[PDB]
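Undergrad: The following block contains the structure, expressed as C-alpha cells.
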2 protein chains.
Amino acid sequence: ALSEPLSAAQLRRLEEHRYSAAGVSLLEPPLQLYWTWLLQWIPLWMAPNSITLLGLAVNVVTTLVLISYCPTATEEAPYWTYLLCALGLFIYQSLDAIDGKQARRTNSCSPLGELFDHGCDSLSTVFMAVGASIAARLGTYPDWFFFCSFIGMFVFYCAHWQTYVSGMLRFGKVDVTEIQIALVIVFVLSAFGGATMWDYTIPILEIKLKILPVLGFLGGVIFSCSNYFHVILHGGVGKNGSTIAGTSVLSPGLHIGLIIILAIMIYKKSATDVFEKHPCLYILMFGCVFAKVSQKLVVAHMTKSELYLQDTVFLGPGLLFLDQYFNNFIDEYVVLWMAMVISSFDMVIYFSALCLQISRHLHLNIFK
Amino acid sequence: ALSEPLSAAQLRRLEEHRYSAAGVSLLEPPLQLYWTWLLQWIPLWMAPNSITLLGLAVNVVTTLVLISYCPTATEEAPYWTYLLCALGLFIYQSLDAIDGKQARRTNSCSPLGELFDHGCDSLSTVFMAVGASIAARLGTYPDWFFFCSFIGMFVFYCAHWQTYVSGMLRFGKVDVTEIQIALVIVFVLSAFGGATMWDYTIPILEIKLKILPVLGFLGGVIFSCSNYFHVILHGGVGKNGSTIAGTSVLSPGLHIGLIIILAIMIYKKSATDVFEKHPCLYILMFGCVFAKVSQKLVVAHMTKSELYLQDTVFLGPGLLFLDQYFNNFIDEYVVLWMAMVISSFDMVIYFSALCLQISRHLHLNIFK
Ligand SMILES: CCCCCCCC/C=C\CCCCCCCC(=O)O[C@@H](COC(=O)CCCCCCCCCCCCCCC)COP(=O)([O-])OCC[N+](C)(C)C
Ligand SMILES: CCCCCCCC/C=C\CCCCCCCC(=O)O[C@@H](COC(=O)CCCCCCCCCCCCCCC)COP(=O)([O-])OCC[N+](C)(C)C
C-alpha cells in the first residue's frame, strides 16, 4: 500500500484531467515579459520538474540556513543571509513561472506537471512564511508569528479549495505575485537596514510597526478569502450544489480546520513554552503535515475523488498532543524533533511514491 | 440521515441473513427444561421484543435503584435491594431464553429479533457488570472495579467479533449462564450475609477475598478469549482469510481498543479523582458508548458490511478528553454528566431509528 497510493481508475481520471486557469491581476503584465526573457535562454531538453525541484531546493536551503542562524525570532542574523534568502525567493518565483510556461512547449503538458507545482508550491509556502516571519523578527510578538504564519497556510488551502469546487484556478485581483514581491521587499529592507528598525514604533499611534504589514496582509487575506468562499458556498459543478467529485462542499475544510485547531491547542496548553525557546521547528512540523494534506487535496481536485481524514502524518502533531495530554512524560523538545522526523519521512515517502506511480503508469520518465 | 441509518441494499442483506448457533456447555441442560416450563404459561400473542424489553427494563430499574443507594463502591446498601437486583438478573436471563425460544414459534423469526437481543444484551452486560461490582464492594480496590468491569465489556465484544468472522455464534464450554449464575450467587451471598465479609482476608495467604472471584473470572476470560481469538486469527469465510464482509479480521478490534484506551487515559490522567468520589457514572457513560459500538458490530455481522470508526457517540468520552486535555476548564463531574446525557440520547436515537427503519422496510409491526 506504500508504493501504490492510487488506483487504476484514479489514474484514468488523472489522464482525463485538463489544466485551466482564469487569473489576471495587476502585477503579472510587467512580469510576463521578464519571465519570457529569462525563458528563451533555457535549453529545451531540460525537464520541467527539474526546474521545479531546483527552485524548491534553492528556497529550502536558503531558508534553512537563515533558520540555522536564528532558531528563534528575537535576534538578528547577518545581512548577507537576508539578501541570499531574498534572491532565493525571487529565483524560486522565476523558476515557477518558467516551469509553467516552458513545459507547455513540448507535449510535456502532463499531469505530473501539476501534482508537483502544487506540491512544491505548498512546501515553498510554508518555508516562505517562516522566512518572512523571521526576517521581520516577530518573536517579540509571538502570537502574530504563529497566527500570521498559519494564515499563510490557510489562504493557500482556500485557493485549492476553490479549485475543488470549480475545476479551474481563479486567482483574483491580488494574488501570489503581490505577496512574493512584498516579501522580497521586506527581506531586502531588513537586509540593507538594520532589523532593529522593526522595533521603532510610530509616534502617531504608538504601534510597533510589525503590525502594519501583517494587518495589510490580513486585510488582503480577507479580500481573497471572501472571493474564494463566495464560490465555495455558491459553486456547484458535479451536481446541483456539490463539488466536482460529488462530495459536500464543506468537507475539505475539515482538514485545514483540524490542523489549525491542533496548532491552537498545542500552542495554548504547553506548560513548558515550546515557542519562546524553540519556534520554527513547530511551524515546520505543521508545515510538513499541511504539505501532505494540501497535496492530498491537489490529487483530489485534479483526480475526481472524495477527501479522506485518515492520514498517517497526523501521527506527527498527534504525538505532541498525547505527550501534552499527560504530563510532559518525554521532554517536549525531543518529542517535537521526533514528530519532525516521522512527519517528514511520511510526507516524503508519500510524495515520491505518488510521483513514481504516476510515472510508471503512464510509462513516462520523470525527466524528459 | 438520522431516521434512515441503513440503505436499501443493507436491508436486502439483512433480509437474506439467517440465524445460527453452535453452543453447548455444562449449565444449559439443567436449565432448558426450566425455561420451557416457564415458557408454556406465556400466551402466544405476546411479541418477543416485548419480552426482551421487559427483561431489560426490570434489570435496568433494579440496578439503577442499587446505584442510587450506593453511588460509590465503598458502602453497603440494605439487603432487600441486593435480593431485588438478584431477582431482576434471574428474571432477565429467564426472559432472554424465553424470547429466543418462543419467538421461533410464530414465523416471527425475523431479523429484528436479533439486532435486539444483541442490543438489549449489550445494555444488560454493562448494567450487570456495574451491579456485580458494587455488590462485592470493589471500591476498596478501585483498579479492579475499573479493570474487571471493562473486561466484562471486552469479552462480550470478542464473542460478537467471533461471529463477525464465522457468521455463527460459538459459545464454548463456559459461557453466559455460568457468569449469570455466579453473579446471582454473589448477589444472594452479599444479601443474606453482611457485605463486610468481603473485607475478611484469608489467613492462608493474606488475600482480601475480593481477589479470588475476580481472578476466577479473569481465568475464565482467558479461556474464552483464547477460544475466540483462535478463530479470529484462523477463520476465513468471505475470502481466503478475511471476514464475512471481506474486511480485514483485525479491523473490528479497533473499536473496543479505542474505547478501552480512552478509558485508561481518562482513568489515569484525572487530576481531580473522578472515581473515588463518583464512579458508576463513568462506567455507565462508557456503557452507553460501548453499547452503540457493539450494536454497530451486531448490524455489521448480520448485515454484511464494513465497520466504521466514525461515530457520534465518541463525542461523549472525547469531551472528557478535551476537558482533561486542558486544565479542568469545566468541573469534571458536570462534564461527565453532560457526556452521560449526550451519549445516552445519541445511543437511544440511533437504536430506536434502527428498529423503526427495520420495521418500516419490512412492513411489519415491532409488536405482533
Ligand atoms: C506582506 C504585505 C501585505 C500587503 C499585500 C497583502 C497580500 C495578501 C493578500 C491575499 C493573499 C492571496 C494568496 C493566494 C495564494 C494562492 C495559493 C496558490 O496555490 O498559488 C500558488 C502558491 O502560492 C505560493 O507559492 C505562495 C503562498 C503565499 C502564502 C504565504 C504568505 C504568508 C507569509 C506572511 C508573513 C508576513 C510577515 C509580516 C509582514 C512583514 C501556486 O503557484 P502557481 O499558481 O502554479 O504559479 C503560477 C501562476 N503565476 C504564473 C501567476 C506565477
Ligand atoms: C464471577 C465468578 C467467576 C467464575 C466463572 C468465570 C466465568 C467467566 C468466563 C468466561 C466469560 C465468557 C463470556 C462470554 C459472553 C458471550 C457474550 C454474548 O453475546 O452472549 C450473550 C450476552 O451475554 C450477557 O448477557 C452477559 C455478558 C457477561 C459479561 C459481563 C460480566 C462482568 C461482571 C464481572 C464482575 C465481577 C465482580 C467481582 C466478582 C464477585 C448474548 O445472549 P444470547 O446468546 O442471545 O442468550 C441466548 C443463549 N442462551 C440460550 C444460552 C441463554
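Every chain in the C-alpha cells has a letter given in the order shown (A, B, ...), and although residue numbers restart at 1 in each chain, ligands are simply numbered from 1 in the order shown.
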Can you pull out the residues contacting residue 247 (chain A)? Cut-off 9 Å, using only C-alpha atoms, and skip same-chain residues under 4 positions away; I want them as an MDAnalysis selection string.

TA: chainID A and resid 238 242:243 251:252 305:307

Undergrad: Which residues are near ligand 2 - at most 7 Å, using only C-alpha atoms and all ligand atoms? Format: as a PyMOL selection string.

TA: chain B and resi 28+93+96-97+100+117-118+121-122+124-126+128-129+132-133+136+148-149+151-153+155-156+159-160+171+174-179+182-183+186+210+213-214+216-221+223-224

Undergrad: Could you dump the residues just selected with N, CA and C atoms as a compact mmCIF listing (two decimals), in the first residue's frame?

TA:
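So again-v4.txt came out as:
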# COMPACT_ATOMS: atom_id res chain seq x y z
N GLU B 28 -26.46 -25.48 30.66
CA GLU B 28 -27.72 -25.34 29.93
C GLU B 28 -28.67 -26.51 30.12
N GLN B 93 -32.45 -13.22 32.67
CA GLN B 93 -31.94 -14.39 31.97
C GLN B 93 -33.08 -15.29 31.51
N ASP B 96 -34.74 -13.74 28.50
CA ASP B 96 -33.93 -13.85 27.30
C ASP B 96 -34.01 -15.25 26.70
N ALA B 97 -33.92 -16.29 27.53
CA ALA B 97 -34.07 -17.64 26.99
C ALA B 97 -35.46 -17.82 26.40
N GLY B 100 -35.73 -15.96 22.92
CA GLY B 100 -35.07 -16.74 21.89
C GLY B 100 -35.88 -17.95 21.47
N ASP B 117 -31.95 -8.62 20.74
CA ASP B 117 -31.31 -9.38 21.79
C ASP B 117 -29.85 -8.99 21.83
N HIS B 118 -29.20 -8.73 20.72
CA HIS B 118 -27.87 -8.23 20.81
C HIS B 118 -27.72 -6.78 21.11
N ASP B 121 -28.92 -7.23 25.17
CA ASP B 121 -27.89 -7.98 25.87
C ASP B 121 -26.66 -7.13 26.14
N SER B 122 -26.31 -6.22 25.23
CA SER B 122 -25.19 -5.32 25.48
C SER B 122 -25.47 -4.39 26.66
N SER B 124 -27.57 -4.92 29.07
CA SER B 124 -27.61 -5.73 30.28
C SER B 124 -26.22 -6.14 30.72
N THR B 125 -25.29 -6.34 29.79
CA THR B 125 -23.91 -6.65 30.16
C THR B 125 -23.31 -5.52 30.97
N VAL B 126 -23.46 -4.29 30.49
CA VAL B 126 -22.89 -3.15 31.21
C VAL B 126 -23.53 -3.01 32.59
N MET B 128 -25.13 -5.21 34.41
CA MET B 128 -24.84 -6.33 35.28
C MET B 128 -23.42 -6.26 35.81
N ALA B 129 -22.47 -5.81 34.99
CA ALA B 129 -21.11 -5.64 35.48
C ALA B 129 -21.06 -4.60 36.59
N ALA B 132 -22.80 -6.18 39.81
CA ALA B 132 -21.96 -7.18 40.47
C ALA B 132 -20.76 -6.53 41.13
N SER B 133 -20.17 -5.52 40.48
CA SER B 133 -19.01 -4.88 41.06
C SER B 133 -19.37 -4.03 42.28
N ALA B 136 -20.06 -6.51 45.43
CA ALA B 136 -18.85 -7.02 46.04
C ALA B 136 -18.02 -5.92 46.69
N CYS B 148 -11.77 -5.09 35.84
CA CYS B 148 -12.73 -6.19 35.73
C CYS B 148 -13.96 -5.77 34.95
N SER B 149 -14.52 -4.61 35.28
CA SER B 149 -15.73 -4.16 34.61
C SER B 149 -15.50 -4.01 33.11
N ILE B 151 -13.23 -5.54 31.38
CA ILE B 151 -13.11 -6.88 30.84
C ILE B 151 -14.49 -7.45 30.58
N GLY B 152 -15.44 -7.14 31.47
CA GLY B 152 -16.81 -7.54 31.26
C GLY B 152 -17.42 -6.99 29.99
N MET B 153 -16.86 -5.90 29.46
CA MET B 153 -17.27 -5.48 28.13
C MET B 153 -16.50 -6.25 27.06
N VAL B 155 -14.82 -9.08 26.65
CA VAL B 155 -15.18 -10.46 26.34
C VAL B 155 -16.43 -10.49 25.47
N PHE B 156 -17.45 -9.73 25.87
CA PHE B 156 -18.67 -9.62 25.07
C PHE B 156 -18.34 -9.24 23.64
N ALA B 159 -16.86 -12.04 21.70
CA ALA B 159 -17.87 -13.00 21.27
C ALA B 159 -18.49 -12.57 19.96
N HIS B 160 -18.94 -11.31 19.89
CA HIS B 160 -19.51 -10.86 18.64
C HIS B 160 -18.45 -10.74 17.56
N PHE B 171 -20.45 -20.70 21.44
CA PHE B 171 -20.50 -20.33 22.84
C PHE B 171 -19.22 -20.72 23.58
N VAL B 174 -17.57 -22.72 28.75
CA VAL B 174 -18.01 -21.85 29.83
C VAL B 174 -18.52 -20.56 29.18
N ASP B 175 -19.71 -20.13 29.56
CA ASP B 175 -20.37 -19.07 28.82
C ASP B 175 -21.32 -18.32 29.75
N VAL B 176 -22.31 -17.66 29.14
CA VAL B 176 -23.11 -16.63 29.79
C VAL B 176 -23.86 -17.18 31.00
N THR B 177 -24.33 -18.42 30.90
CA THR B 177 -25.09 -19.00 32.00
C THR B 177 -24.24 -19.14 33.25
N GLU B 178 -22.96 -19.49 33.08
CA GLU B 178 -22.06 -19.59 34.22
C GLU B 178 -21.86 -18.25 34.91
N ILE B 179 -21.64 -17.18 34.13
CA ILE B 179 -21.50 -15.85 34.72
C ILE B 179 -22.78 -15.44 35.41
N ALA B 182 -23.20 -17.29 38.62
CA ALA B 182 -22.20 -16.84 39.58
C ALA B 182 -22.56 -15.47 40.14
N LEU B 183 -23.11 -14.60 39.32
CA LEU B 183 -23.46 -13.27 39.79
C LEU B 183 -24.71 -13.28 40.64
N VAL B 186 -23.29 -14.37 43.95
CA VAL B 186 -22.60 -13.33 44.72
C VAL B 186 -23.60 -12.31 45.24
N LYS B 210 -11.82 -10.35 47.85
CA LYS B 210 -12.39 -9.77 46.64
C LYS B 210 -11.56 -10.11 45.42
N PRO B 213 -12.77 -14.30 43.48
CA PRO B 213 -13.75 -14.40 42.39
C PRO B 213 -13.34 -13.63 41.15
N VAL B 214 -12.68 -12.48 41.31
CA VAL B 214 -12.29 -11.72 40.12
C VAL B 214 -11.16 -12.42 39.37
N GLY B 216 -10.87 -15.82 39.36
CA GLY B 216 -11.58 -16.89 38.68
C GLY B 216 -12.24 -16.41 37.40
N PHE B 217 -12.89 -15.24 37.47
CA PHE B 217 -13.49 -14.64 36.29
C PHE B 217 -12.43 -14.31 35.25
N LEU B 218 -11.28 -13.79 35.69
CA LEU B 218 -10.22 -13.46 34.76
C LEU B 218 -9.67 -14.70 34.06
N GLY B 219 -9.50 -15.80 34.80
CA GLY B 219 -9.05 -17.03 34.18
C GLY B 219 -10.04 -17.56 33.16
N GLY B 220 -11.33 -17.55 33.50
CA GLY B 220 -12.34 -17.92 32.53
C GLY B 220 -12.34 -17.01 31.31
N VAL B 221 -12.08 -15.72 31.52
CA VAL B 221 -11.90 -14.79 30.41
C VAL B 221 -10.74 -15.23 29.54
N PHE B 223 -9.64 -18.33 29.07
CA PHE B 223 -10.11 -19.46 28.27
C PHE B 223 -10.99 -19.00 27.11
N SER B 224 -12.01 -18.19 27.41
CA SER B 224 -12.97 -17.81 26.38
C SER B 224 -12.33 -16.92 25.32

Undergrad: Please, which residues of region 68-118 of chain B, numbered as in this document, come out helix (DSSP H, G or I) from DSSP, as a PyMOL selection string?

TA: chain B and resi 68-69+79-102+117-118

Undergrad: Could you work out which residues of chain A fall inside 8 Å of chain B? Count only C-alpha atoms, and format the result as a list in words.

TA: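 On the chain A side, the interface is residues 269, 324, 325 and 326 of chain A.
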
Undergrad: List the spatial neighbours of residue 67 (chain A) as a list in words - criterion: any atom at most 10 Å away, only C-alpha atoms, same-chain residues fewer than 5 positions off excluded.

TA: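 Result of the neighbour search: residues 61, 62, 72, 73, 77, 81, 127, 130, 131, 134, 135, 279, 280 and 281 of chain A.
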
Undergrad: Pick out the closest residue to residue 232 (chain A) from this set: A:123, A:250, A:320, A:9. Count only C-alpha atoms.

TA: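 Closest candidate: A:250.
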
Undergrad: Can you measure CA of residue 298 (chain B) to CA of residue 115 (chain B) for me? One decimal in Å is fine.

TA: 6.3 Å

Undergrad: Determine, counting only C-alpha atoms, which protein, DNA and RNA residues have an atom within 12 Å of an atom of residue 57 (chain B); residues of the same chain fewer than 2 positions away are not included. Present the result as an MDAnalysis selection string.

TA: chainID B and resid 49:55 59:64 85 88:89 91:92 95 120:121 123:124 127

Undergrad: Take the residues that were just selected and, keeping N, CA and C atoms, output them as an mmCIF file, in the first residue's frame.

TA:
data_model
loop_
_atom_site.group_PDB
_atom_site.id
_atom_site.type_symbol
_atom_site.label_atom_id
_atom_site.label_comp_id
_atom_site.auth_asym_id
_atom_site.auth_seq_id
_atom_site.Cartn_x
_atom_site.Cartn_y
_atom_site.Cartn_z
ATOM 1 N N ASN B 49 -40.065 -9.124 21.199
ATOM 2 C CA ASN B 49 -39.371 -7.908 21.600
ATOM 3 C C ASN B 49 -39.967 -7.311 22.864
ATOM 4 N N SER B 50 -41.261 -7.534 23.105
ATOM 5 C CA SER B 50 -41.853 -7.125 24.375
ATOM 6 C C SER B 50 -41.209 -7.867 25.536
ATOM 7 N N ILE B 51 -40.929 -9.158 25.353
ATOM 8 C CA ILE B 51 -40.241 -9.929 26.380
ATOM 9 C C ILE B 51 -38.841 -9.375 26.619
ATOM 10 N N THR B 52 -38.109 -9.095 25.534
ATOM 11 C CA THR B 52 -36.760 -8.543 25.666
ATOM 12 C C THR B 52 -36.784 -7.225 26.421
ATOM 13 N N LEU B 53 -37.706 -6.341 26.041
ATOM 14 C CA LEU B 53 -37.795 -5.025 26.653
ATOM 15 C C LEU B 53 -38.196 -5.124 28.115
ATOM 16 N N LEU B 54 -39.096 -6.049 28.451
ATOM 17 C CA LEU B 54 -39.494 -6.210 29.845
ATOM 18 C C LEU B 54 -38.312 -6.653 30.694
ATOM 19 N N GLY B 55 -37.543 -7.625 30.198
ATOM 20 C CA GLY B 55 -36.367 -8.059 30.935
ATOM 21 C C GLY B 55 -35.348 -6.949 31.114
ATOM 22 N N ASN B 59 -34.158 -5.210 34.723
ATOM 23 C CA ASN B 59 -32.760 -5.198 35.147
ATOM 24 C C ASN B 59 -32.233 -3.780 35.309
ATOM 25 N N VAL B 60 -32.552 -2.896 34.361
ATOM 26 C CA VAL B 60 -32.070 -1.524 34.426
ATOM 27 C C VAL B 60 -32.643 -0.803 35.637
ATOM 28 N N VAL B 61 -33.935 -0.989 35.916
ATOM 29 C CA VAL B 61 -34.548 -0.300 37.048
ATOM 30 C C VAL B 61 -33.944 -0.781 38.365
ATOM 31 N N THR B 62 -33.792 -2.101 38.528
ATOM 32 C CA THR B 62 -33.237 -2.603 39.784
ATOM 33 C C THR B 62 -31.789 -2.167 39.971
ATOM 34 N N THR B 63 -30.978 -2.241 38.915
ATOM 35 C CA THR B 63 -29.594 -1.814 39.052
ATOM 36 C C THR B 63 -29.490 -0.306 39.251
ATOM 37 N N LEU B 64 -30.418 0.469 38.690
ATOM 38 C CA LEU B 64 -30.398 1.907 38.929
ATOM 39 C C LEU B 64 -30.748 2.230 40.374
ATOM 40 N N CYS B 85 -32.241 -6.951 43.105
ATOM 41 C CA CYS B 85 -31.417 -6.913 41.904
ATOM 42 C C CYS B 85 -31.019 -8.314 41.451
ATOM 43 N N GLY B 88 -33.967 -9.584 39.679
ATOM 44 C CA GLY B 88 -34.008 -8.944 38.380
ATOM 45 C C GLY B 88 -33.075 -9.599 37.384
ATOM 46 N N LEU B 89 -31.867 -9.947 37.825
ATOM 47 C CA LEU B 89 -30.934 -10.631 36.934
ATOM 48 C C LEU B 89 -31.471 -11.995 36.509
ATOM 49 N N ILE B 91 -34.668 -13.052 36.434
ATOM 50 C CA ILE B 91 -35.810 -12.928 35.538
ATOM 51 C C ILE B 91 -35.360 -12.412 34.177
ATOM 52 N N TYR B 92 -34.283 -11.620 34.129
ATOM 53 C CA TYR B 92 -33.759 -11.174 32.845
ATOM 54 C C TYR B 92 -33.232 -12.347 32.033
ATOM 55 N N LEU B 95 -36.181 -14.400 30.796
ATOM 56 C CA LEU B 95 -36.900 -13.795 29.683
ATOM 57 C C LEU B 95 -36.074 -13.806 28.405
ATOM 58 N N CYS B 120 -30.170 -5.343 23.571
ATOM 59 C CA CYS B 120 -30.574 -5.448 24.968
ATOM 60 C C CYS B 120 -29.544 -6.220 25.782
ATOM 61 N N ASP B 121 -28.916 -7.227 25.175
ATOM 62 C CA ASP B 121 -27.887 -7.983 25.871
ATOM 63 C C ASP B 121 -26.656 -7.134 26.141
ATOM 64 N N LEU B 123 -26.656 -3.775 26.664
ATOM 65 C CA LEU B 123 -27.026 -2.920 27.794
ATOM 66 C C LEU B 123 -27.025 -3.701 29.100
ATOM 67 N N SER B 124 -27.566 -4.917 29.073
ATOM 68 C CA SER B 124 -27.607 -5.726 30.277
ATOM 69 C C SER B 124 -26.215 -6.138 30.722
ATOM 70 N N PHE B 127 -24.862 -3.056 32.644
ATOM 71 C CA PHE B 127 -25.553 -2.858 33.917
ATOM 72 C C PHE B 127 -25.245 -3.978 34.898
#

Undergrad: Do you have the CA of residue 358 (chain B)-CA of residue 104 (chain B) distance handy?

TA: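 The value is 18.5 Å.
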
Undergrad: Which is closest to residue 317 (chain A) among A:285, A:346, A:215, A:334, if we use only C-alpha atoms?

TA: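 For residue 317 (chain A), the nearest of the given residues is A:285.
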
Undergrad: For residue 314 (chain B), work out the shell of residues within 12 Å, counting only C-alpha atoms and skipping chain neighbours fewer than 4 positions away, then give it as a PyMOL selection string.

TA: chain B and resi 255-256+258-259+262-263+285-293+309-310+318-322+339-340+342-344+346-347

Undergrad: Take the selection from the previous step and output its residues with C-alpha atoms, as a PDB file, in the first residue's frame.

TA:
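Contents of the output file again-v7.pdb:
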ATOM      1  CA  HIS B 255     -13.375  -0.033  18.148  1.00  0.00           C
ATOM      2  CA  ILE B 256     -13.097  -1.756  21.510  1.00  0.00           C
ATOM      3  CA  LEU B 258     -10.138   2.754  21.236  1.00  0.00           C
ATOM      4  CA  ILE B 259     -12.848   2.581  23.909  1.00  0.00           C
ATOM      5  CA  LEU B 262      -9.795   6.156  26.191  1.00  0.00           C
ATOM      6  CA  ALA B 263     -10.970   4.653  29.477  1.00  0.00           C
ATOM      7  CA  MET B 285     -21.031   6.523  30.166  1.00  0.00           C
ATOM      8  CA  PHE B 286     -18.622   4.104  28.581  1.00  0.00           C
ATOM      9  CA  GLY B 287     -21.507   1.660  28.916  1.00  0.00           C
ATOM     10  CA  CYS B 288     -23.682   3.653  26.541  1.00  0.00           C
ATOM     11  CA  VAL B 289     -20.725   4.252  24.214  1.00  0.00           C
ATOM     12  CA  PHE B 290     -19.790   0.568  24.185  1.00  0.00           C
ATOM     13  CA  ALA B 291     -23.468  -0.265  23.736  1.00  0.00           C
ATOM     14  CA  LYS B 292     -23.647   1.702  20.498  1.00  0.00           C
ATOM     15  CA  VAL B 293     -20.323   0.298  19.278  1.00  0.00           C
ATOM     16  CA  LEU B 309     -14.772   4.183  13.255  1.00  0.00           C
ATOM     17  CA  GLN B 310     -16.603   7.481  12.701  1.00  0.00           C
ATOM     18  CA  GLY B 318     -13.956  12.609  23.877  1.00  0.00           C
ATOM     19  CA  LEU B 319     -15.475  15.645  25.578  1.00  0.00           C
ATOM     20  CA  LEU B 320     -13.926  14.451  28.849  1.00  0.00           C
ATOM     21  CA  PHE B 321     -10.647  14.056  26.982  1.00  0.00           C
ATOM     22  CA  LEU B 322     -10.789  17.659  25.827  1.00  0.00           C
ATOM     23  CA  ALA B 339     -21.345  13.228  28.471  1.00  0.00           C
ATOM     24  CA  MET B 340     -23.942  10.934  30.069  1.00  0.00           C
ATOM     25  CA  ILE B 342     -25.287  13.350  25.060  1.00  0.00           C
ATOM     26  CA  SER B 343     -24.155   9.722  24.736  1.00  0.00           C
ATOM     27  CA  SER B 344     -27.443   8.396  26.118  1.00  0.00           C
ATOM     28  CA  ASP B 346     -27.332   9.541  20.701  1.00  0.00           C
ATOM     29  CA  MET B 347     -27.430   5.823  21.543  1.00  0.00           C
TER      30      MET B 347
END

Undergrad: Do you have the CA of residue 167 (chain A)-CA of residue 18 (chain A) distance handy?

TA: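 Computing it gives 9.1 Å between the two atoms.
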
Undergrad: Contacts of residue 15 (chain A) at 12 Å or less, counting only C-alpha atoms, minus same-chain residues fewer than 2 places along, as a PyMOL selection string?

TA: chain A and resi 8-13+17-19+109-112+302-304+358-359+361-362

Undergrad: Only N, CA and C atoms, please: the residues just picked out, written as an mmCIF file, in the first residue's frame.

TA:
data_model
loop_
_atom_site.group_PDB
_atom_site.id
_atom_site.type_symbol
_atom_site.label_atom_id
_atom_site.label_comp_id
_atom_site.auth_asym_id
_atom_site.auth_seq_id
_atom_site.Cartn_x
_atom_site.Cartn_y
_atom_site.Cartn_z
ATOM 1 N N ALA A 8 -6.192 2.214 -10.352
ATOM 2 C CA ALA A 8 -6.186 2.315 -11.810
ATOM 3 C C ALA A 8 -7.224 3.315 -12.303
ATOM 4 N N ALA A 9 -8.399 3.335 -11.676
ATOM 5 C CA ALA A 9 -9.430 4.282 -12.084
ATOM 6 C C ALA A 9 -9.025 5.711 -11.753
ATOM 7 N N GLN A 10 -8.336 5.904 -10.625
ATOM 8 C CA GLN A 10 -7.826 7.231 -10.301
ATOM 9 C C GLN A 10 -6.811 7.685 -11.335
ATOM 10 N N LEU A 11 -5.961 6.765 -11.792
ATOM 11 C CA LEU A 11 -5.039 7.090 -12.872
ATOM 12 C C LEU A 11 -5.793 7.433 -14.148
ATOM 13 N N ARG A 12 -6.933 6.774 -14.379
ATOM 14 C CA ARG A 12 -7.727 7.084 -15.562
ATOM 15 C C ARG A 12 -8.308 8.493 -15.495
ATOM 16 N N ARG A 13 -8.892 8.878 -14.353
ATOM 17 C CA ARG A 13 -9.383 10.252 -14.264
ATOM 18 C C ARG A 13 -8.245 11.265 -14.306
ATOM 19 N N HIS A 17 -7.922 14.453 -16.927
ATOM 20 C CA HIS A 17 -7.951 15.832 -16.452
ATOM 21 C C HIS A 17 -7.221 16.773 -17.404
ATOM 22 N N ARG A 18 -7.703 18.014 -17.457
ATOM 23 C CA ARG A 18 -7.094 19.072 -18.246
ATOM 24 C C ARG A 18 -6.929 20.311 -17.379
ATOM 25 N N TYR A 19 -5.792 20.986 -17.533
ATOM 26 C CA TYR A 19 -5.470 22.143 -16.708
ATOM 27 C C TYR A 19 -6.112 23.407 -17.263
ATOM 28 N N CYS A 109 3.048 18.849 -21.264
ATOM 29 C CA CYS A 109 1.862 19.140 -20.505
ATOM 30 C C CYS A 109 1.435 17.751 -20.165
ATOM 31 N N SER A 110 1.345 17.461 -18.887
ATOM 32 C CA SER A 110 1.047 16.123 -18.488
ATOM 33 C C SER A 110 0.557 16.400 -17.110
ATOM 34 N N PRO A 111 -0.152 15.447 -16.526
ATOM 35 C CA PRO A 111 -0.461 15.693 -15.145
ATOM 36 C C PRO A 111 0.511 15.478 -14.057
ATOM 37 N N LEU A 112 1.774 15.285 -14.362
ATOM 38 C CA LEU A 112 2.739 15.205 -13.299
ATOM 39 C C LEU A 112 3.390 16.538 -13.263
ATOM 40 N N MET A 302 -7.569 17.388 -9.028
ATOM 41 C CA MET A 302 -7.293 17.030 -10.410
ATOM 42 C C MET A 302 -7.560 15.564 -10.705
ATOM 43 N N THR A 303 -7.939 14.773 -9.703
ATOM 44 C CA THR A 303 -8.436 13.424 -9.924
ATOM 45 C C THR A 303 -9.681 13.267 -9.072
ATOM 46 N N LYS A 304 -10.841 13.173 -9.718
ATOM 47 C CA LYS A 304 -12.116 13.326 -9.032
ATOM 48 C C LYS A 304 -12.315 12.243 -7.986
ATOM 49 N N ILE A 358 2.757 7.642 -10.774
ATOM 50 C CA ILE A 358 2.268 8.382 -11.930
ATOM 51 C C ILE A 358 3.200 8.182 -13.117
ATOM 52 N N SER A 359 4.511 8.197 -12.869
ATOM 53 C CA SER A 359 5.473 7.987 -13.947
ATOM 54 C C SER A 359 5.386 6.575 -14.514
ATOM 55 N N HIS A 361 2.826 4.334 -14.393
ATOM 56 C CA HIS A 361 1.564 4.006 -15.054
ATOM 57 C C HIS A 361 1.504 4.582 -16.460
ATOM 58 N N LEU A 362 1.991 5.805 -16.642
ATOM 59 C CA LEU A 362 1.986 6.437 -17.952
ATOM 60 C C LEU A 362 3.163 6.011 -18.818
#

Undergrad: Do you know which residues are at most 12 Å from residue 202 (chain B) counting only C-alpha atoms, after dropping those on the same chain fewer than 6 positions away, and could you put them as number ranges by chain?

TA: B: 208-212

Undergrad: For residue 260 (chain A), which of A:90, A:229, A:337, A:157 is the closest residue, counting only C-alpha atoms?

TA: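 Comparing A:90, A:229, A:337, A:157 against residue 260 (chain A), the winner is A:157.
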